[PDB]
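*Asks:* Got a structure for you, questions after.
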4 protein chains.
Amino acid sequence: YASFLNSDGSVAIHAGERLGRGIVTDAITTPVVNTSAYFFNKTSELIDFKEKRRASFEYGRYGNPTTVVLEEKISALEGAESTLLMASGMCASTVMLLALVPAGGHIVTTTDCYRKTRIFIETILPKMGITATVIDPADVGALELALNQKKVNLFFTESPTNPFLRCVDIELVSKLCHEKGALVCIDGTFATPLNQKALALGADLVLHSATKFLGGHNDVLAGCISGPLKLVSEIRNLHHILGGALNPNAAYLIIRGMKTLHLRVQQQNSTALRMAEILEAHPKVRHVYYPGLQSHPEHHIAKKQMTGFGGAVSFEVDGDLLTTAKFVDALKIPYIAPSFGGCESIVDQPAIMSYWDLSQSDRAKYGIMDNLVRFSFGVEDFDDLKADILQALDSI
Amino acid sequence: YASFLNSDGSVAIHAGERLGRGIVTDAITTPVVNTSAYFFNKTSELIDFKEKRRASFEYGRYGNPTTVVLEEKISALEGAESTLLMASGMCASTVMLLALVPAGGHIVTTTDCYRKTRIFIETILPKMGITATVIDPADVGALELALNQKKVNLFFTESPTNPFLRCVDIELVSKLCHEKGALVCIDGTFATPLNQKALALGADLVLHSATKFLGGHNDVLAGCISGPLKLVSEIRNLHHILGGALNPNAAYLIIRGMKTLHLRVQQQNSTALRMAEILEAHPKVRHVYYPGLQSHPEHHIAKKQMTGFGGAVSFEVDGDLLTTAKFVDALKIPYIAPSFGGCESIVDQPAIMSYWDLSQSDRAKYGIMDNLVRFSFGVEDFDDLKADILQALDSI
Amino acid sequence: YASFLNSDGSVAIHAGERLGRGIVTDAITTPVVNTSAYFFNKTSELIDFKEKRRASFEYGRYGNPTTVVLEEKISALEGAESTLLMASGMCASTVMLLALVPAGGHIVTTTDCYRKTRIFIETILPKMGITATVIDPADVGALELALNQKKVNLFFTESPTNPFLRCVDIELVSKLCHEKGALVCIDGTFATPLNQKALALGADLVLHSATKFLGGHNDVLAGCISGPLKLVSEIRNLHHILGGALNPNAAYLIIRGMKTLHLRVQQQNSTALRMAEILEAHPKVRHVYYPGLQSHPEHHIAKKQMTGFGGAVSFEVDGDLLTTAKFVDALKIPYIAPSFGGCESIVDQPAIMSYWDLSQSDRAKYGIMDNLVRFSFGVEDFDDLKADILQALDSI
Amino acid sequence: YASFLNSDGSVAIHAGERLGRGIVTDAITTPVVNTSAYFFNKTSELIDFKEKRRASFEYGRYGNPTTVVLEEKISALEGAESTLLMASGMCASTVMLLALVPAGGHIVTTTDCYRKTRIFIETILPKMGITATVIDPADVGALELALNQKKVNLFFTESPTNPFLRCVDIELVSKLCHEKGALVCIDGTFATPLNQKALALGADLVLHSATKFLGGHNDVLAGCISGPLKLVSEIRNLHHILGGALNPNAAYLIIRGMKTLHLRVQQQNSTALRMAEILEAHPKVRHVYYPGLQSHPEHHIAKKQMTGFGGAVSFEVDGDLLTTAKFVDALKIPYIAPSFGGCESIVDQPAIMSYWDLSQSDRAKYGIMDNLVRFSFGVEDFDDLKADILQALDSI
Ligand SMILES: Cc1ncc(COP(=O)(O)O)c(C/N=C(\C=C\CP(=O)(O)O)C(=O)O)c1O
Ligand SMILES: Cc1ncc(COP(=O)(O)O)c(C/N=C(\C=C\CP(=O)(O)O)C(=O)O)c1O
Ligand SMILES: Cc1ncc(COP(=O)(O)O)c(C/N=C(\C=C\CP(=O)(O)O)C(=O)O)c1O
Ligand SMILES: Cc1ncc(COP(=O)(O)O)c(C/N=C(\C=C\CP(=O)(O)O)C(=O)O)c1O
């Protein structure tokens, strides 16, 4: 973007703004444009636009001045060629798949996918005859194999993963896949463009659920996909039909929230790590999952491709369903609810929060234990948090 | 909704509000809830909810207090059992199709479909092996035939149509289809729940593009589908995955717009009609399309199932491309752009506006003439508009 | 504004928008600019601006692109030179007085002032040694007298009045006052720029409480003063200090509200009148206050300077406190609350609603009776409203 | 507030939210309530409210559920009894003075007042016979003298000051004034409730211009006053008339901004300091004003009552008007404009920016020099900023 702005934080702030917006104003912030359509001063011009000689969004579902800003902004951050913004994370992945994976084509994902993302791939995609292979995040062999066995159209996975924050050696995978013509999409939601640059590591496309960190205020939903033009455009097209456009007001809220992106991540990155270690050492804490810790399976990878380890920490408690429950129930600061990444701290028992619809057996089918607890550290003062968490594990 | 509320207008205003909201407040208007998630006081309750003993949206992609209002409201109007709200019309149709039509199933639609709506059905759906039969709005025979030839899963069309405002004898069609187990979905966008009750006429599902009349202010996009629970819910489920969630702020904006729905429709219904006739009589006006006119092919139907005829009026001008253009360029009140149904008056030359990507020949393939002009009458004073339009033709 | 627009409604819609905004955009609606300040490209320019060679709001408290629109719009409606926008009606009157009336100066107002507006003049202004003379709206003699007795700086009154909707022969008063150098300010809140043009009738300044009709959606507060430049500017200056700036978001909501000003008024102007007559005739209705009725004291004046009679209707019920209460309690559509002018209907018993802090005696001191009812007809269907009202006018 | 909230930051986040809102919702964020009035279910209740037996804002100008939150929030932060929120800082001071200072009363303020704030006191107040004494921030003697000479009704000043960030030994002054019955009001705008607690140091009332740090995003104006009930309430009353109500939407933006208050301040507190030092050591920098520097006149006081020194840094350059201008013009990151405290960095030449209306001589009358530059460090990366400022300074 600019030769003077070299720090991500600085960018996040003035990215796609300080230099120009395309919507001239002597205002500091971006103006929220609430329009359903864009006009023309005369048929002559309209033709020009239609003939690719002028620029216009034409219809709101195709673009918005107040949105593009955030689009370029994120683009700059991830250092991408272009970025797209849907109405929600799920939308993005959804569209992305439907757009890139041809009919009858094959795809490769990890085992630690996010609940819903899984269902889509396992129930909808097959309708299009799109088959998939589910390998473990680490198991690079399986990938290399599958790469040769079938004709992979695209490899897709989130790194860190959910909720065990498992990580994929992006650079490596990227290499393998590209050797077989496969495409690589990394859901760096948990990571954040600040703690890693999937695109830089070789990944083809990187998408985020701005609902979490980017907006980081727990008050807006939004999808987001960034990558090479020739690629992202193909999706935007399909997007222009599925109509999952993002409202301006939402867009703005994200821009504003990203004004203090670095600040928020920084703090969370710490609190988490420190709180992580503290928990691991705790007797009542059976296990702790966090890329920052040395105990983490791919810690060496995290250390190699990341600069931070997110603000989400998962850990099993030394008890059972009701016991673990007792724990979270004791907490006083975090809110018991889904989502994560906002200033407000949140906690939840995945087993119940997003898997209660299954049997104890079918649950364990995917590491989901009744002890497993997911802590999304907010931005509250560390000491305040720790004391709460501690005062909690005590009640058990 | 209420016994003491019988006129549509009165409903549109107080529908799903005057009696209660679910979010207790001594405030007149509906409060805009900007949350990305909902919390619980204790694990105990969370369980209850999960076990269907308590009520909660849980996540923002699944529901919102500031949205449900609008949901119930529209439900009340269309006199439906339950309504759903997407991020945009296109979203609705899209989902609904992908949700109801099984893989390899067959569907029946009309020829006067809206551009994009067409494409989806002709390019995406086929990927799921879903075939379709395109018949003329009037051609009831073709329908009855197709009904017996293949196994129709659902009949879908808009009434009035776009842009020739063709109308489908809903009551009749409904009967035929239901005889063969097919489902009927009517896109009464142009109609508006005020000018017609497709659901009452027997239709299974009626959907609208709130972007137009419902919001009627040209500052927000929104999809909307109403109908029976057992049905709409099946969609809501898939919607919870494709994530085309509507933002609370947008929702409210519609709630506000519908506060004066009738008032707005009423005036538009007039101006349109009156202006229509004046146009038909004009020498320079080759042809005029409008259900209100006696010249309209299905006027007898329009007169039978409708109470008004929208504010949109299409008409071919006695000239050619450049000539017709010269006309619109002369106008001083309406804006030249897509969309319609807002207080502001809008005009466009479909040929260019949304078909310029095709050849003169391929264009005519669907009645789209270079003369054809689509006038979306705003809410400005009649005389002002008339004088404008006339003074415009004055130069051709 | 333009030549093609001749009806107020048409204006209210495209006033200060259709032709240009000063904030170039190809969007239909006005963009909400959320900025606290405005920048410059270089010191050179800043100087220019400071030297009145360039244009800029500099600080938000001095202006806003999204506000000025609404400013020019109202200007056009009232046919004024320039208009100002405060945070609330009260602010307007407040500022206006503090701005024009010199220290120790004298002022003349009517007896039927709005509660608070009264207190200010009776408790604050005296601090600046500003004395006042309270005359009866009709009593033109008293005015002519005072005009000669003391040295009147400005005559200020609302027409119609609150809550007895009394009316002042603007043209006449204007003439008298100006003969003595006094200024005239009319609070045409109840009237609305559509039902009368105080400025055209000679008034110096006309102010409204956009909180009511202009916004007409019961979801925003706003002051508003229109008049000649040389005058209004003197107020804007003081305004730039008292800092009662109006928020952009608020401004927009008004502009949006005014997009259907005529439509709403028109309907209310009817419902009220019709309902009024019906009420007068009713046996349980002791008295009815409404300029539209022939029974109204200044009906001949109303008929001469207005074109409509608002939507507010006051009337005493044939009972007492508890009885009148029983009436309003029976109503099902209107909301028991202050304010008025919104699509939603509202009712209140001034005696309690805004005078319960006084004694039964001190209350009657100003016509406020325990029977007095103030009905602010919404936009709901007439029949629906009437049925309701009657259904109550019988449970007594 | 609560127990589990000991750190300011933690408070700023969950202050007046985590435990309850008064507007029940299972939502994380506070819901924006856009209403102009509040209703009642029956006359009976209304009476209750009017008789102080129930609670209700009645009218929007008197309160809003979405506002009170921010109110209590700030209250908690400053550790006050109650807080009030105006439409803009200026409004606050304005109302505050007009509300507390009786007619003919006397007041004492410092010489480094903010431009506008000065004028009001020097032009309006005198209309109410309110005389004032202007002493230097440090000159306690003058204060102690005035205290005995006349009958001071209230001592008012800002600390730090603008733009020389001078500081007042709050504790001391408070002690003296309270001995003579005077009231103390501190404008801790520059400080921020995080860098100092005027109320704790003894001050009677502390006010802020949320337009700056509190909102910290340069997209909203808002005044704010906190202090003891018996006091603040007296202001809220007059405020209920001058009608300088703050809009809900605006209120929310602040609430959202304060979600990361500490984070923001922290960073700015550093950058400023560090940058300060660097500047002072610079050869081209003639002088530097910052409470954090040892060179600062009241550094020992700042060090004793503050924990931080804001992000605002003033410094004179070794050149002249045109030279200093050349400097700021060279800057690439900060915007040249008024205001300060938002994530975006801002610079300005007080001489021109807010004193160009005066003569070179009348300007110097108050330390305002053509070299004087006020830098409000944003949140961008330090190195990024430094490099800029540096590269800037060289141009000379
Ligand atoms: C890695 C990842 N990717 C994509 C999404 C979907 O993005 P969207 O929500 O903006 O559409 C989510 C959602 N994550 C959660 C939301 C879950 C909803 P559920 O808890 O299953 O009802 C969560 O709790 O962590 C996620 O964790
Ligand atoms: C009956 C009907 N239904 C549903 C939709 C789509 O709803 P959505 O836009 O909210 O997704 C439309 C769009 N109609 C138009 C919009 C077109 C977009 P274009 O102007 O072709 O780029 C139009 O003819 O003006 C329509 O005419
Ligand atoms: C003619 C008129 N002018 C100016 C104002 C004050 O402007 P603002 O409200 O926008 O600040 C009012 C308020 N009127 C009412 C509001 C009253 C509030 P209360 O009932 O005293 O609590 C009413 O008659 O219902 C009014 O009726
Ligand atoms: C200490 C202090 N107090 C109160 C106010 C007024 O609050 P409000 O702005 O929210 O009404 C200001 C304004 N400060 C500035 C605003 C100046 C306006 P200008 O552009 O100089 O006319 C500034 O430091 O640049 C201030 O610095």
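How things are named: the first chain in the structure tokens is A, the next is B, and so on; residues count from 1 in each chain; ligands count from 1 in the order shown.
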Using only C-alpha atoms and all ligand atoms, what are the residues with an atom within 9 Å of ligand 4, set out as number ranges by chain?
*Replies:* C: 36-37, 58-62, 240-245; D: 87-93, 113-117, 157-163, 187-190, 207-212, 220-224, 337-340, 348, 350, 353-355
*Asks:* Apply DSSP to the backbone of this structure and, from segment 49-279 of chain B, keep only the residues in helix (DSSP H, G or I); write these as a ChimeraX atom specification.
*Replies:* /B:49-50,65-78,89-100,115-128,140-149,170-179,192-195,229-242,248-279
*Asks:* Output C-alpha atoms for every residue in the selection just made, as a compact mmCIF listing (two decimals), in the first residue's frame.
*Replies:*
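Writing the result to part_14.txt gives the following:
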# COMPACT_ATOMS: atom_id res chain seq x y z
CA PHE B 49 -32.34 -24.89 25.46
CA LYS B 50 -30.42 -27.63 23.65
CA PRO B 65 -34.64 -10.26 18.36
CA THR B 66 -34.67 -7.21 16.08
CA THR B 67 -35.29 -9.41 13.06
CA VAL B 68 -37.98 -11.82 14.27
CA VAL B 69 -40.20 -8.78 14.65
CA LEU B 70 -40.00 -8.07 10.94
CA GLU B 71 -40.43 -11.80 10.44
CA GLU B 72 -43.73 -12.00 12.32
CA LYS B 73 -44.80 -8.71 10.80
CA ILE B 74 -44.59 -9.99 7.23
CA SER B 75 -46.07 -13.26 8.42
CA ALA B 76 -49.09 -11.32 9.62
CA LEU B 77 -49.45 -9.47 6.31
CA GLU B 78 -49.22 -12.45 3.98
CA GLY B 89 -33.94 -11.58 -2.69
CA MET B 90 -31.55 -13.68 -4.76
CA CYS B 91 -30.43 -15.30 -1.53
CA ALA B 92 -34.01 -16.38 -0.81
CA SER B 93 -34.84 -17.91 -4.19
CA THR B 94 -31.41 -19.54 -4.24
CA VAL B 95 -31.72 -21.17 -0.84
CA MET B 96 -35.37 -22.10 -1.25
CA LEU B 97 -34.59 -23.95 -4.47
CA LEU B 98 -31.47 -25.65 -3.15
CA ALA B 99 -33.53 -26.53 -0.08
CA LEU B 100 -36.75 -27.92 -1.55
CA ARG B 115 -32.40 -12.46 -15.51
CA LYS B 116 -30.25 -13.73 -12.64
CA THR B 117 -32.97 -15.96 -11.22
CA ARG B 118 -32.85 -17.62 -14.62
CA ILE B 119 -29.09 -18.16 -14.76
CA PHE B 120 -29.03 -19.93 -11.38
CA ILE B 121 -31.66 -22.40 -12.52
CA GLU B 122 -29.95 -22.87 -15.88
CA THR B 123 -26.36 -23.21 -14.67
CA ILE B 124 -26.18 -24.12 -10.99
CA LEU B 125 -29.19 -26.39 -10.41
CA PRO B 126 -28.21 -28.62 -13.36
CA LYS B 127 -25.07 -29.47 -11.38
CA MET B 128 -27.39 -31.28 -8.97
CA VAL B 140 -51.64 -23.37 -18.65
CA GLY B 141 -51.73 -26.30 -21.04
CA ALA B 142 -47.95 -26.69 -21.15
CA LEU B 143 -48.02 -26.74 -17.36
CA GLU B 144 -50.79 -29.34 -17.13
CA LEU B 145 -48.86 -31.37 -19.68
CA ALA B 146 -45.47 -31.13 -17.98
CA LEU B 147 -47.31 -31.93 -14.78
CA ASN B 148 -48.07 -35.33 -16.28
CA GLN B 149 -45.04 -35.91 -18.50
CA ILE B 170 -52.38 -18.47 -9.03
CA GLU B 171 -55.60 -20.13 -7.87
CA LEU B 172 -55.79 -22.23 -11.02
CA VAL B 173 -52.12 -23.22 -11.20
CA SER B 174 -52.06 -23.98 -7.48
CA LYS B 175 -54.94 -26.42 -7.99
CA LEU B 176 -53.33 -28.20 -10.94
CA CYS B 177 -49.93 -28.58 -9.34
CA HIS B 178 -51.31 -29.71 -5.99
CA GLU B 179 -53.14 -32.44 -7.88
CA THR B 192 -46.61 -6.70 -2.68
CA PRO B 193 -48.53 -8.49 0.10
CA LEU B 194 -50.96 -5.57 -0.07
CA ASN B 195 -51.96 -5.93 -3.72
CA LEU B 229 -43.99 -23.88 8.98
CA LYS B 230 -43.32 -27.49 8.01
CA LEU B 231 -42.06 -25.95 4.77
CA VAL B 232 -40.32 -22.65 5.57
CA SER B 233 -38.49 -24.33 8.45
CA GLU B 234 -36.89 -26.85 6.07
CA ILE B 235 -35.39 -23.83 4.35
CA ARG B 236 -34.41 -22.04 7.54
CA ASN B 237 -32.34 -25.12 8.31
CA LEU B 238 -30.29 -24.94 5.12
CA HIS B 239 -30.17 -21.15 5.55
CA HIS B 240 -28.48 -21.70 8.90
CA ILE B 241 -25.60 -23.15 6.91
CA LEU B 242 -25.32 -21.13 3.70
CA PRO B 248 -30.13 -6.28 12.44
CA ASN B 249 -29.62 -2.75 11.17
CA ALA B 250 -31.01 -3.67 7.75
CA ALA B 251 -33.90 -5.48 9.42
CA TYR B 252 -34.88 -2.39 11.36
CA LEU B 253 -34.66 -0.19 8.28
CA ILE B 254 -37.28 -2.41 6.68
CA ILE B 255 -39.46 -2.41 9.80
CA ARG B 256 -39.32 1.39 9.55
CA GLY B 257 -40.12 1.40 5.86
CA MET B 258 -43.12 -0.90 6.20
CA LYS B 259 -44.41 1.55 8.81
CA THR B 260 -45.77 3.42 5.80
CA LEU B 261 -46.19 0.50 3.41
CA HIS B 262 -49.83 0.98 2.46
CA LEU B 263 -49.49 4.74 2.16
CA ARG B 264 -46.62 4.24 -0.26
CA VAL B 265 -48.23 1.43 -2.25
CA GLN B 266 -51.55 3.28 -2.51
CA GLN B 267 -50.10 6.34 -4.21
CA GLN B 268 -47.86 4.30 -6.49
CA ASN B 269 -50.78 2.10 -7.49
CA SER B 270 -52.57 5.24 -8.72
CA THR B 271 -49.87 7.27 -10.44
CA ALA B 272 -48.81 4.11 -12.27
CA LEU B 273 -52.28 3.23 -13.53
CA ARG B 274 -53.23 6.80 -14.47
CA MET B 275 -49.83 7.44 -16.04
CA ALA B 276 -50.19 4.13 -17.85
CA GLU B 277 -53.38 5.06 -19.67
CA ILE B 278 -52.04 8.51 -20.52
CA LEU B 279 -49.09 6.68 -22.03
*Asks:* Near chain D, which residues of chain A fall within 8 Å when you count only C-alpha atoms, and what do they look like as an mmCIF file with N, CA, C and O atoms, in the first residue's frame?
*Replies:*
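Generated file (result.cif):
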data_model
loop_
_atom_site.group_PDB
_atom_site.id
_atom_site.type_symbol
_atom_site.label_atom_id
_atom_site.label_comp_id
_atom_site.auth_asym_id
_atom_site.auth_seq_id
_atom_site.Cartn_x
_atom_site.Cartn_y
_atom_site.Cartn_z
ATOM 1 N N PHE A 4 5.587 4.223 3.518
ATOM 2 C CA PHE A 4 5.805 4.697 4.875
ATOM 3 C C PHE A 4 5.184 3.824 5.961
ATOM 4 O O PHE A 4 5.644 3.840 7.103
ATOM 5 N N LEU A 5 4.144 3.076 5.615
ATOM 6 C CA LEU A 5 3.488 2.200 6.582
ATOM 7 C C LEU A 5 4.040 0.791 6.437
ATOM 8 O O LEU A 5 3.717 0.089 5.481
ATOM 9 N N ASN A 6 4.869 0.384 7.394
ATOM 10 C CA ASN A 6 5.504 -0.927 7.355
ATOM 11 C C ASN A 6 5.015 -1.901 8.416
ATOM 12 O O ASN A 6 5.272 -3.101 8.328
ATOM 13 N N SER A 7 4.319 -1.390 9.423
ATOM 14 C CA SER A 7 3.803 -2.253 10.471
ATOM 15 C C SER A 7 2.367 -2.625 10.159
ATOM 16 O O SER A 7 1.593 -1.791 9.697
ATOM 17 N N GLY A 9 -0.124 -3.190 12.157
ATOM 18 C CA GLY A 9 -1.003 -2.314 12.908
ATOM 19 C C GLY A 9 -1.285 -1.000 12.203
ATOM 20 O O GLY A 9 -2.439 -0.588 12.075
ATOM 21 N N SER A 10 -0.233 -0.333 11.741
ATOM 22 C CA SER A 10 -0.387 0.937 11.050
ATOM 23 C C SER A 10 -1.287 0.758 9.841
ATOM 24 O O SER A 10 -2.174 1.574 9.587
ATOM 25 N N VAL A 11 -1.053 -0.317 9.096
ATOM 26 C CA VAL A 11 -1.852 -0.613 7.912
ATOM 27 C C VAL A 11 -3.311 -0.759 8.324
ATOM 28 O O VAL A 11 -4.144 0.072 7.972
ATOM 29 N N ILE A 13 -5.058 0.208 10.290
ATOM 30 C CA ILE A 13 -5.705 1.484 10.534
ATOM 31 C C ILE A 13 -5.963 2.271 9.252
ATOM 32 O O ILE A 13 -7.107 2.475 8.869
ATOM 33 N N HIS A 14 -4.894 2.701 8.586
ATOM 34 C CA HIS A 14 -5.017 3.500 7.370
ATOM 35 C C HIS A 14 -5.028 2.732 6.059
ATOM 36 O O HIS A 14 -4.891 3.327 4.995
ATOM 37 N N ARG A 18 -6.323 6.345 4.255
ATOM 38 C CA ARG A 18 -5.432 7.500 4.289
ATOM 39 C C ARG A 18 -5.100 8.113 2.929
ATOM 40 O O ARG A 18 -5.110 9.335 2.780
ATOM 41 N N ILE A 28 -12.448 12.138 8.140
ATOM 42 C CA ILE A 28 -11.417 11.213 8.558
ATOM 43 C C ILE A 28 -11.874 9.782 8.313
ATOM 44 O O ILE A 28 -11.172 8.998 7.682
ATOM 45 N N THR A 29 -13.059 9.449 8.810
ATOM 46 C CA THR A 29 -13.593 8.102 8.670
ATOM 47 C C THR A 29 -14.264 7.849 7.332
ATOM 48 O O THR A 29 -14.425 8.756 6.522
ATOM 49 N N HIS A 217 -15.712 -7.367 18.343
ATOM 50 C CA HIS A 217 -16.543 -6.676 19.325
ATOM 51 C C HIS A 217 -17.839 -7.412 19.610
ATOM 52 O O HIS A 217 -18.718 -6.889 20.292
ATOM 53 N N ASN A 218 -17.940 -8.629 19.084
ATOM 54 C CA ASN A 218 -19.119 -9.472 19.274
ATOM 55 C C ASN A 218 -20.430 -8.766 18.954
ATOM 56 O O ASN A 218 -21.365 -8.809 19.746
ATOM 57 N N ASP A 219 -20.512 -8.127 17.795
ATOM 58 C CA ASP A 219 -21.738 -7.425 17.438
ATOM 59 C C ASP A 219 -22.014 -7.401 15.932
ATOM 60 O O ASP A 219 -22.832 -6.606 15.451
ATOM 61 N N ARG A 256 -14.121 -0.102 11.687
ATOM 62 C CA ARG A 256 -13.900 0.520 12.983
ATOM 63 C C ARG A 256 -13.228 -0.435 13.953
ATOM 64 O O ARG A 256 -12.316 -0.055 14.683
ATOM 65 N N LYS A 259 -9.657 -0.932 13.413
ATOM 66 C CA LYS A 259 -8.850 0.239 13.721
ATOM 67 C C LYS A 259 -7.916 -0.086 14.884
ATOM 68 O O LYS A 259 -6.854 0.512 15.028
ATOM 69 N N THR A 260 -8.324 -1.036 15.715
ATOM 70 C CA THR A 260 -7.530 -1.449 16.868
ATOM 71 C C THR A 260 -7.312 -2.951 16.830
ATOM 72 O O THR A 260 -7.337 -3.618 17.865
ATOM 73 N N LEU A 263 -3.715 -3.960 18.476
ATOM 74 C CA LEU A 263 -3.833 -3.756 19.908
ATOM 75 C C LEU A 263 -4.550 -4.931 20.569
ATOM 76 O O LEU A 263 -4.036 -5.527 21.518
ATOM 77 N N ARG A 264 -5.728 -5.268 20.051
ATOM 78 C CA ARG A 264 -6.520 -6.357 20.604
ATOM 79 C C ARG A 264 -5.839 -7.717 20.522
ATOM 80 O O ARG A 264 -5.814 -8.455 21.504
ATOM 81 N N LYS A 332 -17.028 -15.929 36.471
ATOM 82 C CA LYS A 332 -17.837 -14.725 36.644
ATOM 83 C C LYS A 332 -17.676 -13.698 35.538
ATOM 84 O O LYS A 332 -18.589 -12.909 35.279
ATOM 85 N N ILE A 333 -16.516 -13.705 34.892
ATOM 86 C CA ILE A 333 -16.242 -12.744 33.837
ATOM 87 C C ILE A 333 -16.693 -13.169 32.437
ATOM 88 O O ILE A 333 -17.493 -12.477 31.805
ATOM 89 N N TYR A 335 -18.634 -14.892 29.255
ATOM 90 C CA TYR A 335 -20.028 -15.203 28.947
ATOM 91 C C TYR A 335 -20.056 -16.631 28.427
ATOM 92 O O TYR A 335 -19.172 -17.051 27.678
ATOM 93 N N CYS A 343 -13.564 -8.442 22.621
ATOM 94 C CA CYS A 343 -13.036 -7.904 23.868
ATOM 95 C C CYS A 343 -13.634 -8.632 25.071
ATOM 96 O O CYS A 343 -12.969 -8.811 26.095
ATOM 97 N N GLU A 344 -14.894 -9.042 24.942
ATOM 98 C CA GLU A 344 -15.580 -9.768 26.007
ATOM 99 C C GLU A 344 -15.133 -11.230 25.988
ATOM 100 O O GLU A 344 -15.135 -11.880 24.938
ATOM 101 N N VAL A 379 -10.282 -9.203 26.384
ATOM 102 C CA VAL A 379 -9.238 -8.190 26.438
ATOM 103 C C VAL A 379 -9.115 -7.653 27.862
ATOM 104 O O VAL A 379 -8.274 -6.804 28.159
ATOM 105 N N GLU A 380 -9.956 -8.181 28.747
ATOM 106 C CA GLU A 380 -9.948 -7.783 30.149
ATOM 107 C C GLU A 380 -8.530 -7.940 30.695
ATOM 108 O O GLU A 380 -7.712 -8.664 30.122
ATOM 109 N N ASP A 381 -8.237 -7.260 31.796
ATOM 110 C CA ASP A 381 -6.917 -7.345 32.391
ATOM 111 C C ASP A 381 -6.592 -8.784 32.735
ATOM 112 O O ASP A 381 -7.450 -9.527 33.201
ATOM 113 N N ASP A 384 -7.176 -9.954 36.427
ATOM 114 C CA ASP A 384 -8.609 -10.084 36.647
ATOM 115 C C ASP A 384 -9.082 -11.435 36.139
ATOM 116 O O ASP A 384 -9.821 -12.140 36.823
ATOM 117 N N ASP A 388 -10.123 -15.062 38.233
ATOM 118 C CA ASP A 388 -11.439 -15.632 38.003
ATOM 119 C C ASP A 388 -11.282 -17.106 37.680
ATOM 120 O O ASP A 388 -11.855 -17.963 38.351
#
*Asks:* Quick one, how far is atom CA of residue 325 of chain C from atom CA of residue 43 of chain D?
*Replies:*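 Separation of atom CA of residue 325 of chain C and atom CA of residue 43 of chain D: 5.9 Å.
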*Asks:* Using only C-alpha atoms and all ligand atoms, pick whichever of C:359, C:331, C:51, C:246 has the shortest atom-to-atom distance to ligand 3.
*Replies:*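 When distances to ligand 3 are compared using only C-alpha atoms and all ligand atoms, the smallest one comes from C:246.
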*Asks:* Mind pulling up the distance from atom CA of residue 181 of chain C to atom CA of residue 135 of chain C?
*Replies:*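 Atom-to-atom, atom CA of residue 135 of chain C and atom CA of residue 181 of chain C are spaced 18.5 Å apart.
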*Asks:* After least-squares alignment of chain B to chain C over all Cα atoms in order, what RMSD do you get?
*Replies:*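 The C-alpha RMSD comes to 0.1 Å.
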*Asks:* Mind checking DSSP for segment 149-270 of chain C and telling me the strand (DSSP E or B) residues as a list in words?
*Replies:* residues 152, 153, 154, 155, 156, 157, 158, 183, 184, 185, 186, 187, 205, 206, 207, 208, 209, 223, 224, 225, 226 and 227 of chain C
*Asks:* Quick one, how far is atom CA of residue 164 of chain D from atom CA of residue 290 of chain D?
*Replies:*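 It comes out at 7.4 Å.
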*Asks:* For residue 299 of chain A, please output as a VMD selection string all residues within 12 Å (counting only C-alpha atoms; exclusion window: fewer than 2 positions along the same chain).
*Replies:* chain A and resid 138 160 165 to 169 289 to 297 301 to 309
